[PDB]
């Protein structure tokens, strides 16, 4: 038949959203494709002008990449008063990756937009959510058999006006390698890093005509070391000796972390705020030992469910972690984040990410994992349960989450205990099946505050290789999120505004032959508000395919007063397809 090469018009699509008005897209698929293709997306809009997109794709042995372009002359107006506003909307980016066969990997992830309101006005692909940033990174990586070196130049471009300016890692050089050894002898590892974090803060106030000022960018809410820039060097040598047996394993590991900071405080940060409170040191120094003992056992069993023979392995695991305490409050945060509690949290050398914060540790992590494997080697089910036992407290915290909250914030959020003697219970369950049955659950329960920190229950239903019947049911909860507060310039635990308790329903189901129903409903119980809800039909003829849906959804917005607002929209979407 061939006919993969539709070098003509692709089945168009219509959209009447009563906000964007009438919108007709008529794609053209350039099939210059022995291995690489091209596509043109000329979108006509009613409220806005005629626009065009260009998507080039290439896929070969040792190479992969997608180039994107887009232009629109803005017919729609009255987003004028909004700052950083442009009438010539454009987008151009390159997502490249070359040299998968060689030791020289050249990755590229660049994307430049014209204005922060590009995705809030033109983007419909990512419907429910909308990206608040785009990647501007370029990575070169050498990868020897014994070591790995990487030069990375990564930055971010804000697709919004209500978030702080992201830091730049203009030259991040990492050298992580190991050392050749013989079975029974010691194993040596090393991780070196050098990053120059820089950032061009835009704290310039924006004006009106009579109202004078109407709002200032969030960057002007950063205080002191929050405005810090500069370089950081990290040296991390380590040694490990894994005694492995057929029934168990014990692995001692001793590492040493040395970090040095060459900072700059841009004056306004240090001359005003610092001097108003404390002193500033551009030359910073940190050196810690680290002890980690990882033990584990292996049990086996023979079961038979529904005639199918399964191997139920029981895997108990213990891990002691010791890191002495050092005051790190004088350090700024560049690449450090503190992930919420889970089962994986039990087996990490540091409760923080990045290198700006090294968690003071003296813990005994106890866990267990029972998994069911069918004799073709396939993992069908998995259950994990664990808890950490603290012998000391957790004094090293993010800016605003340490005893800063006691003084300069007078706050004490509910569910925050860093002085208790134990962690929440962590449960991670998973039940799978190849004909796309998939239920995944996660639950974290703090016994001290007697509160649920995190919850998750995801379910994906499919039948006997029939792609017509799909049923997705998801429930999510989150109240222990540690995020940077734009309005406070520091970190914050469990933001009342951003607490997650949402459900996501989805379904495609056959009614009568050639006909099927499509539906989805996302709902936030915290706001008691529906995020997204659409429903419609799919007529599957012998010749053509017609999909029609009525859709309601919330989109991100940042008004002229620079506050995060959510704004909804309802519309009809129609699409034709030949396959």
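Numbering follows the first chain given and starts at 1.
Visitor: On mean Cα temperature factor in this entry, is 150 to 158 or 70 to 78 the higher one?
Guide: According to the entry, 70 to 78 carries the higher average C-alpha B-factor.
Visitor: Can you let me know which of the two, 427 to 435 or 193 to 201, has the higher average C-alpha B-factor in the entry?
Guide: Between 193 to 201 and 427 to 435, it is 427 to 435 that shows the higher mean C-alpha B-factor.
Visitor: Going by the CA temperature factor in the entry, name the top one among 502, 486, 330, 462.
Guide: So the option with the highest C-alpha B-factor is 462.
Visitor: Among 420, 268, 350, 441, which residue carries the highest C-alpha B-factor recorded in the PDB entry?
Guide: Result of the comparison over 420, 268, 350, 441: 268.
Visitor: Taking the entry's C-alpha B-factors for this chain, is residue 34 in the lowest, middle or highest third?
Guide: For residue 34, the deposited C-alpha B-factor lands in the highest third.
Visitor: Taking the chain's C-alpha temperature factors as the reference, tell me which third residue 28 falls into: lowest, middle or highest.
Guide: As the PDB entry reports it, the C-alpha B-factor of residue 28 lands in the highest third of its chain.
Visitor: Compared with the other modelled residues in the chain, in which third is the CA B-factor of residue 47?
Guide: Highest third, going by the recorded CA B-factors of the chain.
Visitor: Name the third of the chain's ranked CA B-factors that contains residue 390, choosing lowest, middle or highest.
Guide: For residue 390, whose C-alpha B-factor we compare with every modelled residue in the chain, the answer is the lowest third.
Visitor: Splitting the chain's C-alpha B-factors into thirds, which one does residue 144 fall into?
Guide: Its C-alpha B-factor belongs to the middle third of this chain's values.
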